[PDB]
Amino acid sequence: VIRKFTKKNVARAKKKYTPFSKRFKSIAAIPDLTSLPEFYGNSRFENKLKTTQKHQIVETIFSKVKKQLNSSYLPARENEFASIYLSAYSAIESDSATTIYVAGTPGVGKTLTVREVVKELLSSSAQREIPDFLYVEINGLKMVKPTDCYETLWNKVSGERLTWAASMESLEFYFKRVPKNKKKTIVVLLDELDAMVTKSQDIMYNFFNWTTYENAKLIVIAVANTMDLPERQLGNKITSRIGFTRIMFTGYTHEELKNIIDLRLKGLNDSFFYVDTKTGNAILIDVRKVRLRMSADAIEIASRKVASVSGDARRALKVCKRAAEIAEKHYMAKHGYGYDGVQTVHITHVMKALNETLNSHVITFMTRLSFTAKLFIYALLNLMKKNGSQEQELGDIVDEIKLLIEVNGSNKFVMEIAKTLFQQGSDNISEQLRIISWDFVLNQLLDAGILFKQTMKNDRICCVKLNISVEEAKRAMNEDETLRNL
Amino acid sequence: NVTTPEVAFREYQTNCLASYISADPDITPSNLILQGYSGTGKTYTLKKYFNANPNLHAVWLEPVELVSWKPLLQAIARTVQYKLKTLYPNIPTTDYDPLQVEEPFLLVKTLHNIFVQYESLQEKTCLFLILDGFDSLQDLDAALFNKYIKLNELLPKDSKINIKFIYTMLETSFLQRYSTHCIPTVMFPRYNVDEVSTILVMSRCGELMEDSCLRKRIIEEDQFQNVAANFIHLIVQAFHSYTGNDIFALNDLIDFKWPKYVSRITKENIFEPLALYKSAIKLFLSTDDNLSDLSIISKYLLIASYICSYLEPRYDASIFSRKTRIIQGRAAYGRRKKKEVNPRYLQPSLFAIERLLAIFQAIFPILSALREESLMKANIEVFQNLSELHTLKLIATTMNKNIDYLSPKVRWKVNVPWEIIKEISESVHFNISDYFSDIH
Amino acid sequence: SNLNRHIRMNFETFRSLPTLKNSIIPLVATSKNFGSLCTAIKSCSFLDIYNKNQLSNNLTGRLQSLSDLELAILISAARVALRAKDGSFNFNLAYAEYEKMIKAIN
DNA sequence: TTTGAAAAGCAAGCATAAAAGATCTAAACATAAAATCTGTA
Ligand SMILES: Nc1ncnc2c1ncn2[C@@H]1O[C@H](COP(=O)(O)OP(=O)(O)OP(=O)(O)O)[C@@H](O)[C@H]1O
Ligand SMILES: Nc1ncnc2c1ncn2[C@@H]1O[C@H](COP(=O)(O)OP(=O)(O)OP(=O)(O)O)[C@@H](O)[C@H]1O
Ligand SMILES: [Mg+2]
Ligand SMILES: [Mg+2]
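The following block contains the structure:
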């Protein structure tokens, strides 16, 4: 058979098609799923990434501060912890089904406190105060396809691998018809729910609908970045019909961020260290004893700057880590140390680490361009000063460049550079319609994002706009000693 | 360590080719561009350079035959495998299917799998992948060439076989889209009239002097090369303003006018070049590069559609109205002052069906006449002829697909030039110029 | 020197060392002996020839390759485009301008 | 034979329809591996 096209790289998973409604003859024929070694979960790739080191690492006194300010390593989230914990505990002890929607901006401690509530629930179930439950964590931004959540959750429930539609019918039949005495309670963390709802609202409506079933024994914790995601993905009738718990996560204040930072630094500040003077390795208590500190006002202004802009813990922790890294860079450069009295992280280190975030490189990039690129930007600024359109044709820029060269003939620099600009300093080269490196600087300003150019194959009538603002361009061209006097 | 051949007006290009293309991969760029317009000798110079250096391993691909990006990737994988197993026949290799390459990443993976089985070679070699006509690809988005610039970065740097890309492109603006990549580029500027004449003489004199018609003409009744060269310069002097500096167009004109020039060669003309030019002077005044049945209702409908497209609809009563009035009234006075732009130089205007049928009725040719009513009405033959004119695209609409013929929003316009409608009107002896003489 | 002149020229136009390397490479590679290489680095005449080649297919070098009929049609089209309000023209208007132009010359 | 005067013409300015197409979606058309269902054995 002669084919019209070929698909030669099809890789298909060995996933079955038959849903759970056909695994048994009747609803009364289903055994105890808790007493089954494939149900409810009743990582071999670590040794791939393993090797042996030859030389010992020199662990500098600041590397403790850097390692201990990582996001991988619950002050201020007590009402949220209490609310999620009492909703989940009350629904678990009553063998009911509930759903808690948690919203907020990134980095405010949403996933962390939901996980801490879940571990506290697991510890209480270890003391047999509440019945046992399965914990499933489903992240919408960790998927190839949004329907794979259906494949994931059922695989955590039954242990078998199905396709997503059959998994959806299996989960529907599990939460609807399977009796409560033959099943276990399930707590689902639906993180990044906006990643799974972009195409359509099937996953949102299915997961919220399963908690309305009397047989479900299902706890769904759904975490998102906007508050009106259920109100705009489902109607108000549906959201009134489910009745989810609604919890917002406001950004941290500066005092809360400060307590977070020095609770990360509780055992390290104002502490002693035995430091090897020839290598720089430090051991927490030929050897010098060095005290280490971070000042209070540095953390204070860092947490004050973060709480004004974003209020998230990740930025505050990362500027503290960057300040410690800057201090350790200067320390290692001063003492000549390698990789294999009082040491302080100062206010100026936090200032510099914040200034790398605060400042922009647009003006600095534009002041170090060539004369032709600055000529292009100056001609563009002259054109938007004259006709006031904010989009200029490229031919108008060419004519404005030609006019600026022709007018300033008495200037020493323009007289010295015009032969370069229109003949590349050579008498065998004819006078060109464009300047030398015209398309080079046009492509460079388009690649940098300074410019925007429309898609048009006529090079004269094609339009170009500044993609930054007019004031950084004015500040850049007034820095140049050539452009600012003409 | 390389040979620089002689190409007659491409000495600088050959020196740049010798400076860039080498068998040592350490001193060879990853990408090389040869940019020039049509007939500038890019293919000729590259072929001469690679045939002067037979130790250089080159694979020739013409991307005008592949059309899309996926056949180009498949052709790269297939031709690289073929060149390697006819270059190293004592190296056992797994023949990978080129049809499995459906992505650029799949090309990277397949080329890596092809190149790892040639690690037993002694020295590092170069594979020259000549993409002769990259911008002759028919689809040709902007982002495709960026995939081919950065292709060498994803391949192992310490491999025995290193792929080198040589691109040939036509348009300057396509090249200037990628100016910041700083790829080495050799330009092939267009030849002048002297260079075109010398190239045409050196490429066509041996074929013209050994043609069958000339040796039939010398039996029917150095100097053969002289008369072939003289014909080539006569063709150039007659037709350089028309062809420009095109080698191909002048080659077609030489091929068209050679037998008609041979057929007028006599004994008095073979040793007299000016008299032989005057004997066949008709071949040099005209280029003659060309290849040189509608109904009467279709013809008059085309004429009426041209009239509707190029006369504004507020003066038709000043031209076509002729019938005696029982009721007092005035017709249109006519246009007051003439326009000074010929409207047939511009695009046609749009009209409705009933205006076309009214003007068609006006311009169609004409006691027993009491029951005659001698005026042709638009019956089904007129509408069938009009629909046939639309499906032949001598009439056009404002929309082209899923056309609503019966909607009043859809308008019609003529789709023929003035010469076609002029010879159509002279086919039916209609004075179409009389409707345009007084208007401009 | 000529080398400092070309480096200054690159600094003011391109400010790109790879651009300069793309010109220096065939200056070195086309030298046949040591004295030729020293003469080539003294003069940098090859850099001028390279710069002339790099501009040979822009709108200037393409203009000098045209025939007189091609140039006449281009000038006629430019005249119609300059007189037009939107700069648009077609073949008929350009031919009319060309034929009245040849008539006024003759 | 005039005449005059209302129909016709024309143009500047402006609100709006509409042409051309950029962008996108969905249906028809097409393939393909794993699972699942059928017919004998
Ligand atoms: N209250 C807190 N106490 C201590 N550390 C915290 C606190 N809140 C956040 N962090 C730190 O900041 C990190 C970010 O928190 P988390 O991952 O819970 O944020 P999130 O609100 O879920 O963010 P996103 O929307 O980006 O997923 C945590 O991993 C932790 O290191
Ligand atoms: N320098 C030359 N010496 C001799 N013949 C030449 C020369 N340049 C071109 N020709 C002749 O003209 C023909 C056209 O040249 P060629 O096909 O190499 O041009 P090109 O620039 O690659 O064209 P295209 O853009 O159409 O692919 C050649 O096949 C050859 O016969
Ligand atoms: Mg999170
Ligand atoms: Mg070619």
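Protein chains in written order, with the entry's author numbering: chain A, 356 to 397, 404 to 434, 449 to 660, 676 to 730, 769 to 914; chain E, 2 to 222, 230 to 300, 323 to 396, 405 to 478; chain D, 318 to 423. Positions of the beta carbon are idealized from the N, C-alpha and C atoms, including for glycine.
For this session: Determine the closest residue to residue 706 of chain A out of A/397, A/377 and A/430, with distance taken between C-alpha atoms.
Result: A/430
Problem set entry | As assigned by DSSP and simplified to three states, the class of residue 270 of chain E | Residue state, collapsed to three classes: helix.
Exercise. Would you call the CB atoms of residue 164 of chain E and residue 153 of chain E closer than 9 angstroms?
Worked result: Pairing residue 164 of chain E with residue 153 of chain E gives a Cβ-Cβ distance under 9 angstroms.
Exercise. If the cut is a Cβ gap below 7 angstroms, which residues of chain A does residue 424 of chain D touch?
Worked result: Given that chain D is displayed from residue 318 to residue 423, the structure contains no residue 424 of chain D and the question cannot be resolved.
For this session: Hey, could you find the ends of the beta strand (DSSP E) residue 130 of chain E is sitting in?
Result: 126-133
Problem set entry | residue 899 of chain A to residue 487 of chain A span [Cα, whole Å] | Their Cα atoms are separated by approximately 43 angstroms.
Exercise. Is residue 484 of chain A near ligand 1, with its Cβ less than 8 angstroms from a heavy atom?
Worked result: A distance criterion of 8 angstroms places the beta-carbon of residue 484 of chain A in contact range of ligand 1, judged by its closest non-hydrogen atom.
Exercise. According to the neighbour-count rule (16 or more other Cβ atoms, all chains shown, within 10 Å of its Cβ), is residue 771 of chain A buried or exposed?
Worked result: buried
Problem set entry | Beta-carbon proximity check, residue 525 of chain A vs residue 561 of chain A, cutoff 9 angstroms | no
Problem set entry | Three-way DSSP call (helix, strand, coil) for residue 566 of chain A in this model | strand
Exercise. How many Å lie between residue 618 of chain A and residue 584 of chain A at the Cα?
Worked result: The straight-line gap from Cα to Cα measures roughly 11 angstroms.
Exercise. Can you find a CB in chain A that lies within less than 9 angstroms of the CB of residue 372 of chain D?
Worked result: yes
For this session: Tell me whether the beta-carbon of residue 655 of chain A lies closer than 9 angstroms to the beta-carbon of residue 869 of chain A.
Result: no
For this session: For residue 891 of chain A, write down the residues that DSSP places opposite it in a beta bridge.
Result: A/821
Problem set entry | Sub-9 angstroms separation of residue 390 of chain E and residue 361 of chain E beta-carbons | It is not a contact, given that the beta carbons lie outside the stated cut-off.
Exercise. Which of the three DSSP states, helix, strand or coil, is assigned to residue 876 of chain A?
Worked result: coil
Exercise. Just checking, does the segment 64-77 of chain E make contact with the segment 130-144 of chain E on the three C-beta pairs under 8 angstroms criterion?
Worked result: yes
Exercise. If contact means a Cβ-Cβ distance below 9 angstroms, which residues of the segment 771-804 of chain A contact chain D?
Worked result: Listed in sequence order: 796, 797, 798, 799, 800 and 801.
For this session: Note down, in chain order, each residue of its chain lying with its Cβ closer than 6 angstroms to the Cβ of residue 20 of chain E, except the 5 sequence neighbours on either side.
Result: Same-chain partners within the cutoff: there are none.
Exercise. Distance, Cα to Cα, residue 507 of chain A vs residue 595 of chain A?
Worked result: The alpha-carbon atoms of residue 507 of chain A and residue 595 of chain A are separated by roughly 16 angstroms.
Exercise. Is the beta carbon of residue 426 of chain A sitting closer than 9 angstroms to the one on residue 684 of chain A?
Worked result: yes
Exercise. Can you name the residues of chain E whose CB is closer than 7 angstroms to the CB of residue 347 of chain D?
Worked result: 16 and 20
For this session: For chain A, find out if any of its Cβ atoms is closer than 9 angstroms to the Cβ of residue 181 of chain E; answer yes or no.
Result: yes
Exercise. Which chain D residues sit within Cβ distance under 7 angstroms of residue 249 of chain E?
Worked result: 384, 385 and 386
Problem set entry | Span of the beta strand (DSSP E), counted from its first residue to its last, around residue 512 of chain A | 508-514
Exercise. Hey, is residue 873 of chain A's beta-carbon within less than 9 angstroms of any beta-carbon in chain D?
Worked result: Judged by the 9 angstroms Cβ criterion, residue 873 of chain A is not in contact with chain D.
Exercise. Hey, does residue 407 of chain D have any beta-carbon neighbour from chain A nearer than 9 angstroms?
Worked result: no
For this session: Verify whether the separation of the beta carbon atoms of residue 200 of chain E and residue 262 of chain E is less than 9 angstroms.
Result: no
Problem set entry | Reduced DSSP category for residue 451 of chain E - H, G, I as helix; E, B as strand; rest coil | strand
Problem set entry | One or two residues paired with residue 646 of chain A in a DSSP bridge | A/682
Problem set entry | heavy atom of ligand 3 below 8 angstroms from residue 898 of chain A C-beta | no
For this session: Please report the residue range of the alpha helix (DSSP H) in which residue 77 of chain E lies.
Result: In the DSSP annotation of this structure, the continuous segment of the alpha helix (DSSP H) that includes residue 77 of chain E starts and ends at 70-88.
Exercise. For the alpha helix (DSSP H) that contains residue 709 of chain A, what are its first and last residues?
Worked result: 703-725
Exercise. Does any heavy atom of ligand 1 sit closer than 8 angstroms to the C-beta of residue 142 of chain E?
Worked result: Distances from the CB of residue 142 of chain E to the heavy atoms of ligand 1 are all 8 angstroms or more.
Exercise. Can you find at least 3 beta carbon pairs, one from the segment 8-15 of chain E and one from the segment 802-820 of chain A, that sit closer than 8 angstroms?
Worked result: no
Exercise. What did DSSP end up calling residue 141 of chain E once you bin it into helix, strand or coil?
Worked result: coil
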